[PDB]
Amino acid sequence: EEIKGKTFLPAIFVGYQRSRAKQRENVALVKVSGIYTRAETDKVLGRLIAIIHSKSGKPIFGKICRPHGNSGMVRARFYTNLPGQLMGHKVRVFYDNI
Amino acid sequence: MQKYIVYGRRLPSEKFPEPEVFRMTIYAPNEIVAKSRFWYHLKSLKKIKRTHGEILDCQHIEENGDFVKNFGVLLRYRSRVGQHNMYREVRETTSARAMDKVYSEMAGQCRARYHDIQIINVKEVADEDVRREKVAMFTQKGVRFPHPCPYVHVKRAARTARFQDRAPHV
Amino acid sequence: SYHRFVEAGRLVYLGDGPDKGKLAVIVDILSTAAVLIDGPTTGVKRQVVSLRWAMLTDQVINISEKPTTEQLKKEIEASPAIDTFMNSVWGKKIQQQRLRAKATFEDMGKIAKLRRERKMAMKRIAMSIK
Amino acid sequence: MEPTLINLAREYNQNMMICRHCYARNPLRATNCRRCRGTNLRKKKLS
Amino acid sequence: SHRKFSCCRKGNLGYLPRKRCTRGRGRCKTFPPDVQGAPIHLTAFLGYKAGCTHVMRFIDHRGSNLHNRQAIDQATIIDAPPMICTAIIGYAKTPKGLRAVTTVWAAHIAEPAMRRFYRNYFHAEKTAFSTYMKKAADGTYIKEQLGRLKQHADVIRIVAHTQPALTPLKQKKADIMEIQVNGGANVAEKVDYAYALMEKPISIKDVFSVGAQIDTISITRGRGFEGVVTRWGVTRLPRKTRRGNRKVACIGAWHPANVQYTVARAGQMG
Amino acid sequence: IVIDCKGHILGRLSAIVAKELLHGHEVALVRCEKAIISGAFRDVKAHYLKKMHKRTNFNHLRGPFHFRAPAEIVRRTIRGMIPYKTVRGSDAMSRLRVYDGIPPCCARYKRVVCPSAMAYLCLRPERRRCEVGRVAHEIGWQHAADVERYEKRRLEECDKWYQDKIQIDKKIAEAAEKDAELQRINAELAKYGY
Amino acid sequence: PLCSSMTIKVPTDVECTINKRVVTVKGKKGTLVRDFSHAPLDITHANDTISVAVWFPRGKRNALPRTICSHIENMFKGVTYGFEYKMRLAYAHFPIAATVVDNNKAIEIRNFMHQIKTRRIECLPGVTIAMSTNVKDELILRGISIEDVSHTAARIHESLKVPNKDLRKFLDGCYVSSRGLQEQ
RNA sequence: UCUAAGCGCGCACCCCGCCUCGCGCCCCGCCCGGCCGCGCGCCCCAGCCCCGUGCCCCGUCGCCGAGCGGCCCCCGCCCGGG
RNA sequence: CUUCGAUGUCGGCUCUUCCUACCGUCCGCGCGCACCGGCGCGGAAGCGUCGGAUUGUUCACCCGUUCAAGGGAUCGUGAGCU
RNA sequence: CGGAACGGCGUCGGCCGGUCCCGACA
């Protein structure tokens, strides 16, 4: 595929950023593993992250924007908001720039 | 928290041509809180309120932090039933931290917040006259005790994400 | 409590707090709750730290009464414990920690690739010896 | 009817104390009955 | 209000649900205790019920009303067709109760026993056990499989085909009732007793000693969907009653607004 | 991932496990008849027997079912912290597998123990803690002895196995003088430090 | 910094080894090991004196050290001499009849208020009962360790209980008397 | 000194067995096939015995074979009598 | 406060569940506890708490018995009855 | 552990006091 040659560091798409009442699907929360402090989520800020859309067989990419929390979770948005079935799948931060 | 010293005078009138400068030392988190305490004391003790007086100056003093000293504090407090007098002795390097310890212990055990306690007097006493028994043990030449909580050295819990191959040994 | 007791001069590793990782000599036992620490060599400015932060290290350095700073530096320099702790395994893991500290995103890409190579080799050695 | 033995048995039985709130046997010199914690109420009965 | 005068909830609740028994006929469910080191004996047998009698007996019961006096008692005769061991079954004590290990059938399954597998015998394939009969009967597969049962399973049982032809029942299809060797000195001794009995007739006289007490388990007689008056023993409501006297007056109170499990209602009485 | 629930507070561990099931990692808890519930036994038993008393009064079957065995206790505990009604939750609860002892698939899986949820560390001495097994045979699990019979077996065989593994494991690093040496300087001690 | 210690010195005859919290004590009568892992104690031995040394004493932690040093003393006293907690059966109109059964490890007591049932007491591990010719109706319970033999005594007084009637008049029963250390 | 540790006992109550139901599950019989995964020391925290690590790559290039585990497949009535 | 475009309305019958501030039984202690009785507690809802005369009776009374505690459930229970 | 008058050698503290190295009839 377009990106079958980037090694990547694992990450898990936990859920849409959502208050106990309102839900915003315009943002998505990726908990990048290997990150346990908010300050260290800066080392990954702005990188391409791709989800393996089960139905398409094609990766829907997206980019990290801002740290979301003290624990280390980061907010990122994608080319089209994730369907919701894809929730809990594996998202990959590509180690390589492209 | 910062051990300010506050100087103030009553506003000058014709009948009392000059007031007397009255100085108090108030331990408070920030200078603005400190001035409220300097006036509340001078209202109860010398019948002069804030509107009728000008705070001449507020002065932050920073003590030496390099050496440990045994601080005894006399602190009046308010319980649900009423007012009581107390003497709590703590050991801390700077009089601000000794005050901090008193305001977390008398607030932690005696459930009175800063606003209800009037510090009758803070003093640094020598080892020979220390009265409370807790300051008495660590007053010794060499005090050897095992670590109180070696258990708390498991802060690695978040790092390991609770997936360590074997249980840690303390 | 059979060894490694909080006392005067025990070299300690401040696990948590703005000083993370730094190893400093304990100077005065302020209270059972909190103990004075000051490491002239490892640039830990003297401060009172809660005992919880300190992680006791077996090496204990001889100290004079209430050394403050000027005396402590000469004592730290004279004591062989500061070098010896690093020589022991926890000291070398402490040093491995120092290297893992300056992590860069690009570096992680070089590390993960090397890590996969070790894992694949481990199955290969396992295949070789039955 | 026995002599020295009925004295030992009395110590095991007649000798003791009973707190009114707890209604339970307590040691002879105890300040407070274990069940009726802290009460001073006490008494024993005899033949 | 409340119950006013106090009565009892008629009918033991343990026996609920009162339904047509799904099991084909009486099933053991629980077998007597093992008691290792006991005389090696078999625990159970299957029979078919027959008519009752009126036997007269002498009661030597010390300190009794009828001590040393003639009395008559009532007994039910049961035909005991002699059974034949058709197979040995093992059970291993396991975290989930009993899980079975290596059941072994006999070299030749009995002709009535074969009939059990098929719903009809004449109009059927009759192919069951075809591989097994060829597989065994050389006395090798039987021996190794029995050895597996002895090594990995503590509890041993005898599958027994009962013969229906000897009795007047038109069943004609053997029923299989499991029996358990109990009291064997060690696991090995029980299996060897069963193998000797493999394909061998056992009569009840061997299974149950005279004058012992035994338990009778059977699908009880029924009368069809019955009214509450017999199904649960509720008292008949007063003669003058619209919609009929025979029925429970109130099936629940308003606040527990549903019918409670214990409330009496019509059900299969048998 | 397989967790030796020996020594982990049923409560502390169950929180950490629900989050990973919601993160789709599929975790199986083994030795879950060895969880320590905090509190005295004569008291941690009362609150459970209260939760076996609460049963629907119209028909006990329609209302809450209560599971006496320890494996289904640590599943019911972790169920409260999973949206089981929702389909995200239904898959997550399914992903969890609970085994008392280590009977089949888990007998060979690598085992990870959580330090944060570990009871020995988590509670102060003198808190008083009861193993789920002591509660289990008290509320009504009849196979506690039928679990001791499998668990004792596994350890005895494992000990001979460990002795055998010692030899093969020693032979592993005797031959670690090959490419494994080159990648180590290149990574482990290259200041990468990993 | 605070600690509670009650240094107890091992007698020259007795030998004790403390591994973890478990202490093996041997002397003349026999070897008794007690598990003391029920509490925090730095039970360091050393020298010729065991030390209990509890650390950071809170309210309960002050009690543990003395109790576990008094207990360790009971282990030493028991191995050199043994505690002979003897008892005396007391009867009124109906005399109590006692029989040693299993080679001095068991007792059967009957005719307590002419009660048809015969009471049976089995001795705990490490104790033996003996009928005594020294006094009428005196039973001697002799044991290696106090906990094992004293607890035998607790069962005997309890087994012989008058069911009803006021205890002061109806005082029939066996009762422990001398707690002295002499017979094994 | 009845409790603080430790320990003996102890309610027509409770819980369990026995007893009624049973989702599922299992061993054989018929049949004997298909399919997926690759991962094991234990014990103990007041001896914690040299600790305070490790993994951190499930496609990322891993999937052979075995050994271990799982998954799947089955298996009529009508018709008479009770 | 809720129901007047109506929640059928006292008791009895009948039937199920609960509650405990326990009347007898079960349990250990206390007494002005010799015994037998009686009494005072604390745990305990497993079980029993009836048959009748008069009145619609909820009561109330009386007679007898293996001596007989109170209550709740829309004053439980009218497309269950009367 | 909705909630009192009362109790609690339960546990950490404080206040006002007397003793006792003429070591708490020897």
# chains A, B, ... in the order shown; residues from 1 in each chain; ligands from 1
>>> interface_residues(of="chain G", to="chain D", cutoff="8 Å", atoms="only C-alpha atoms", output="number ranges by chain")
G: 88, 90-93, 167-169, 171, 175, 177
>>> write_last_selection(atoms="N, CA, C and O atoms", output="JSON list (two decimals), in the first residue's frame")
[["chain", "number", "residue", "atom", "x", "y", "z"],
["G", 88, "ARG", "N", -8.05, -30.85, 88.94],
["G", 88, "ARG", "CA", -8.67, -31.79, 89.91],
["G", 88, "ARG", "C", -10.16, -31.94, 89.62],
["G", 88, "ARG", "O", -10.86, -30.92, 89.63],
["G", 90, "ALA", "N", -13.77, -32.38, 90.59],
["G", 90, "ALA", "CA", -14.49, -32.19, 91.86],
["G", 90, "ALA", "C", -15.87, -32.80, 91.69],
["G", 90, "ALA", "O", -16.53, -32.47, 90.70],
["G", 91, "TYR", "N", -16.30, -33.65, 92.62],
["G", 91, "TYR", "CA", -17.68, -34.17, 92.47],
["G", 91, "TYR", "C", -18.47, -33.96, 93.76],
["G", 91, "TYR", "O", -17.83, -33.70, 94.79],
["G", 92, "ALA", "N", -19.79, -34.09, 93.71],
["G", 92, "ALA", "CA", -20.61, -34.03, 94.94],
["G", 92, "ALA", "C", -21.20, -35.41, 95.24],
["G", 92, "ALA", "O", -20.43, -36.31, 95.63],
["G", 93, "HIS", "N", -22.51, -35.56, 95.10],
["G", 93, "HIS", "CA", -23.17, -36.87, 95.36],
["G", 93, "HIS", "C", -22.71, -37.92, 94.35],
["G", 93, "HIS", "O", -22.44, -39.05, 94.77],
["G", 167, "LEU", "N", -25.22, -22.39, 88.84],
["G", 167, "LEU", "CA", -23.85, -22.94, 88.94],
["G", 167, "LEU", "C", -23.31, -22.85, 90.36],
["G", 167, "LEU", "O", -22.51, -23.71, 90.74],
["G", 168, "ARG", "N", -23.72, -21.84, 91.13],
["G", 168, "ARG", "CA", -23.08, -21.72, 92.46],
["G", 168, "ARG", "C", -23.40, -22.93, 93.33],
["G", 168, "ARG", "O", -22.46, -23.47, 93.93],
["G", 169, "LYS", "N", -24.67, -23.37, 93.39],
["G", 169, "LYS", "CA", -25.00, -24.60, 94.14],
["G", 169, "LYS", "C", -24.48, -25.83, 93.39],
["G", 169, "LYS", "O", -23.83, -26.68, 94.03],
["G", 171, "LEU", "N", -21.91, -27.03, 91.61],
["G", 171, "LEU", "CA", -20.53, -26.68, 91.21],
["G", 171, "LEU", "C", -19.80, -27.89, 90.62],
["G", 171, "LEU", "O", -18.57, -27.81, 90.49],
["G", 175, "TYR", "N", -11.74, -28.85, 87.02],
["G", 175, "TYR", "CA", -11.24, -27.46, 86.90],
["G", 175, "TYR", "C", -9.72, -27.53, 86.94],
["G", 175, "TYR", "O", -9.20, -28.32, 87.73],
["G", 177, "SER", "N", -6.05, -26.44, 88.14],
["G", 177, "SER", "CA", -5.59, -25.84, 89.41],
["G", 177, "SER", "C", -4.13, -25.43, 89.28],
["G", 177, "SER", "O", -3.87, -24.28, 88.94]]
>>> interface_residues(of="chain H", to="chain B", cutoff="9 Å", atoms="only C-alpha atoms (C1' of nucleotides)", output="MDAnalysis selection string")
chainID H and resid 44:45 48 51:55
>>> interface_residues(of="chain F", to="chain E", cutoff="12 Å", atoms="only C-alpha atoms", output="PyMOL selection string")
chain F and resi 33+55-63+69-71+99-104+141-151+153
>>> select_by_dssp(residues="chain A", states="helix (DSSP H, G or I)", output="VMD selection string")
chain A and resid 39 to 44
>>> write_last_selection(atoms="N, CA and C atoms", output="short mmCIF file (atom, residue, chain, number, x, y, z; two decimals), in the first residue's frame")
data_model
loop_
_atom_site.label_atom_id
_atom_site.label_comp_id
_atom_site.auth_asym_id
_atom_site.auth_seq_id
_atom_site.Cartn_x
_atom_site.Cartn_y
_atom_site.Cartn_z
N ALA A 39 4.16 16.13 28.91
CA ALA A 39 5.30 16.83 28.28
C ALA A 39 5.90 15.94 27.19
N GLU A 40 5.89 14.63 27.38
CA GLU A 40 6.58 13.79 26.37
C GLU A 40 5.65 13.56 25.19
N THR A 41 4.36 13.86 25.31
CA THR A 41 3.47 13.75 24.13
C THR A 41 3.85 14.81 23.09
N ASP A 42 4.69 15.78 23.46
CA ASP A 42 5.17 16.82 22.52
C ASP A 42 6.12 16.21 21.48
N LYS A 43 6.82 15.13 21.83
CA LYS A 43 7.79 14.52 20.90
C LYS A 43 7.04 13.89 19.73
N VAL A 44 5.72 13.71 19.87
CA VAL A 44 4.95 13.01 18.80
C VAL A 44 3.94 13.98 18.20
#
>>> closest_atom_pairs(of="chain E", to="chain I", cutoff="7 Å", atoms="only C-alpha atoms (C1' of nucleotides)", output="tab-separated table")
residue	atom	partner	partner_atom	distance
E:1	CA	I:76	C1'	6.0
E:2	CA	I:72	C1'	6.9
E:6	CA	I:49	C1'	6.9
E:237	CA	I:14	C1'	6.6
E:241	CA	I:81	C1'	5.3
E:242	CA	I:81	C1'	6.4
E:248	CA	I:15	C1'	5.9
E:249	CA	I:80	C1'	4.3
E:250	CA	I:15	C1'	5.0
E:251	CA	I:15	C1'	6.3
E:252	CA	I:16	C1'	5.8
E:253	CA	I:76	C1'	4.9
E:254	CA	I:76	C1'	6.1
E:255	CA	I:73	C1'	6.1
E:262	CA	I:16	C1'	6.9
E:263	CA	I:16	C1'	5.6
>>> select_by_dssp(residues="segment 18-87 of chain A", states="strand (DSSP E)", output="count of residues only")
24
>>> residues_around(residues="residue 5 of chain H", least_positions_apart="4", cutoff="10 Å", atoms="only C-alpha atoms (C1' of nucleotides)", output="short mmCIF file (atom, residue, chain, number, x, y, z; two decimals) with C-alpha atoms, in the first residue's frame")
data_model
loop_
_atom_site.label_atom_id
_atom_site.label_comp_id
_atom_site.auth_asym_id
_atom_site.auth_seq_id
_atom_site.Cartn_x
_atom_site.Cartn_y
_atom_site.Cartn_z
CA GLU F 126 -2.74 -5.00 59.68
CA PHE G 36 5.10 -15.88 64.35
CA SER G 37 4.36 -14.45 60.86
CA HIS G 38 1.12 -12.87 62.18
CA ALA G 39 2.71 -9.49 63.01
CA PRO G 40 5.54 -7.02 62.09
CA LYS G 60 -0.95 -1.94 68.65
CA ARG G 61 2.69 -2.26 67.64
CA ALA G 63 2.08 -4.67 72.51
CA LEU G 64 3.41 -7.18 69.92
CA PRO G 65 7.14 -7.15 70.97
CA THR G 67 3.99 -10.60 73.84
CA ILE G 68 6.32 -12.30 71.32
#
>>> atom_distance(atom1="atom CA of residue 9 of chain F", atom2="atom CA of residue 50 of chain F")
20.4 Å
>>> closest_atom_pairs(of="chain H", to="chain E", cutoff="9 Å", atoms="only C-alpha atoms (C1' of nucleotides)", output="Markdown table")
| residue | atom | partner | partner_atom | distance |
| --- | --- | --- | --- | --- |
| H:18 | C1' | E:30 | CA | 8.5 |
| H:19 | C1' | E:14 | CA | 7.4 |
| H:20 | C1' | E:15 | CA | 4.3 |
| H:21 | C1' | E:17 | CA | 6.4 |
| H:26 | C1' | E:99 | CA | 6.3 |
| H:27 | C1' | E:100 | CA | 5.5 |
| H:28 | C1' | E:103 | CA | 5.7 |
| H:29 | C1' | E:129 | CA | 5.9 |
| H:30 | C1' | E:128 | CA | 5.9 |
>>> interface_residues(of="chain G", to="chain C", cutoff="10 Å", atoms="only C-alpha atoms", output="mmCIF file with N, CA, C and O atoms, in the first residue's frame")
data_model
loop_
_atom_site.group_PDB
_atom_site.id
_atom_site.type_symbol
_atom_site.label_atom_id
_atom_site.label_comp_id
_atom_site.auth_asym_id
_atom_site.auth_seq_id
_atom_site.Cartn_x
_atom_site.Cartn_y
_atom_site.Cartn_z
ATOM 1 N N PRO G 1 11.813 6.211 64.386
ATOM 2 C CA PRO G 1 12.979 6.183 65.261
ATOM 3 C C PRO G 1 12.599 5.350 66.481
ATOM 4 O O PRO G 1 13.445 4.669 67.020
ATOM 5 N N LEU G 2 11.335 5.441 66.881
ATOM 6 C CA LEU G 2 10.895 4.711 68.088
ATOM 7 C C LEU G 2 10.892 3.218 67.766
ATOM 8 O O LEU G 2 10.682 2.873 66.591
ATOM 9 N N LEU G 41 7.607 -7.806 63.144
ATOM 10 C CA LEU G 41 8.623 -7.880 64.223
ATOM 11 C C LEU G 41 10.002 -8.037 63.587
ATOM 12 O O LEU G 41 10.158 -8.953 62.775
ATOM 13 N N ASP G 42 10.974 -7.204 63.950
ATOM 14 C CA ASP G 42 12.349 -7.447 63.455
ATOM 15 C C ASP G 42 12.945 -8.399 64.469
ATOM 16 O O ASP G 42 13.716 -7.913 65.292
ATOM 17 N N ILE G 43 12.508 -9.660 64.473
ATOM 18 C CA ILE G 43 12.930 -10.634 65.526
ATOM 19 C C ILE G 43 14.393 -11.032 65.375
ATOM 20 O O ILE G 43 14.680 -12.232 65.477
ATOM 21 N N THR G 44 15.279 -10.058 65.175
ATOM 22 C CA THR G 44 16.719 -10.395 65.108
ATOM 23 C C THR G 44 17.127 -11.093 66.401
ATOM 24 O O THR G 44 16.761 -10.611 67.475
ATOM 25 N N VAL G 54 10.294 -4.254 67.563
ATOM 26 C CA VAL G 54 9.268 -3.788 66.577
ATOM 27 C C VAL G 54 9.722 -2.423 66.050
ATOM 28 O O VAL G 54 10.558 -1.794 66.710
ATOM 29 N N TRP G 55 9.233 -1.993 64.885
ATOM 30 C CA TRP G 55 9.719 -0.698 64.341
ATOM 31 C C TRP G 55 8.554 0.264 64.136
ATOM 32 O O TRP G 55 7.472 -0.229 63.792
ATOM 33 N N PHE G 56 8.791 1.568 64.321
ATOM 34 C CA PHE G 56 7.733 2.609 64.196
ATOM 35 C C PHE G 56 6.524 2.205 65.050
ATOM 36 O O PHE G 56 5.466 1.987 64.440
#
>>> decode(residues="segment 1-15 of chain C", atoms="N, CA, C and O atoms", output="short mmCIF file (atom, residue, chain, number, x, y, z; two decimals), in the first residue's frame")
data_model
loop_
_atom_site.label_atom_id
_atom_site.label_comp_id
_atom_site.auth_asym_id
_atom_site.auth_seq_id
_atom_site.Cartn_x
_atom_site.Cartn_y
_atom_site.Cartn_z
N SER C 1 13.71 -4.50 57.90
CA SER C 1 14.51 -3.30 58.22
C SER C 1 15.94 -3.75 58.52
O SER C 1 16.69 -2.96 59.11
N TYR C 2 16.30 -4.96 58.07
CA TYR C 2 17.62 -5.56 58.42
C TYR C 2 18.82 -4.89 57.74
O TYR C 2 19.94 -5.17 58.19
N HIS C 3 18.61 -4.01 56.76
CA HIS C 3 19.78 -3.29 56.20
C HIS C 3 19.29 -2.01 55.54
O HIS C 3 18.07 -1.77 55.61
N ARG C 4 20.20 -1.21 54.98
CA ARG C 4 19.80 0.02 54.24
C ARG C 4 18.91 0.92 55.10
O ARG C 4 17.74 1.10 54.74
N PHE C 5 19.43 1.43 56.22
CA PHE C 5 18.59 2.23 57.15
C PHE C 5 18.77 3.73 56.92
O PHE C 5 19.92 4.14 56.71
N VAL C 6 17.68 4.50 56.98
CA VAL C 6 17.79 5.99 56.85
C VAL C 6 18.66 6.44 58.00
O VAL C 6 18.34 6.12 59.15
N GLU C 7 19.74 7.14 57.70
CA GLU C 7 20.66 7.61 58.75
C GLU C 7 21.42 8.79 58.18
O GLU C 7 21.06 9.23 57.08
N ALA C 8 22.41 9.27 58.91
CA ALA C 8 23.23 10.37 58.38
C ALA C 8 24.16 9.83 57.30
O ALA C 8 24.71 8.73 57.49
N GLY C 9 24.29 10.55 56.18
CA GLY C 9 25.26 10.17 55.14
C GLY C 9 24.82 9.08 54.17
O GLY C 9 25.62 8.77 53.28
N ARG C 10 23.60 8.55 54.26
CA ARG C 10 23.25 7.51 53.25
C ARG C 10 23.07 8.21 51.89
O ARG C 10 22.24 9.13 51.84
N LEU C 11 23.78 7.77 50.85
CA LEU C 11 23.59 8.34 49.49
C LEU C 11 22.22 7.88 49.02
O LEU C 11 21.95 6.69 49.16
N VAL C 12 21.38 8.77 48.49
CA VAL C 12 20.00 8.35 48.12
C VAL C 12 19.69 8.83 46.71
O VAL C 12 20.33 9.79 46.27
N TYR C 13 18.72 8.20 46.05
CA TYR C 13 18.35 8.57 44.66
C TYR C 13 16.96 9.20 44.70
O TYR C 13 16.02 8.49 45.06
N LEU C 14 16.84 10.50 44.41
CA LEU C 14 15.52 11.14 44.57
C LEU C 14 14.60 10.69 43.43
O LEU C 14 14.64 11.31 42.37
N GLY C 15 13.81 9.64 43.66
CA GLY C 15 12.97 9.04 42.61
C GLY C 15 12.01 10.04 42.01
O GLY C 15 11.97 10.13 40.79
#
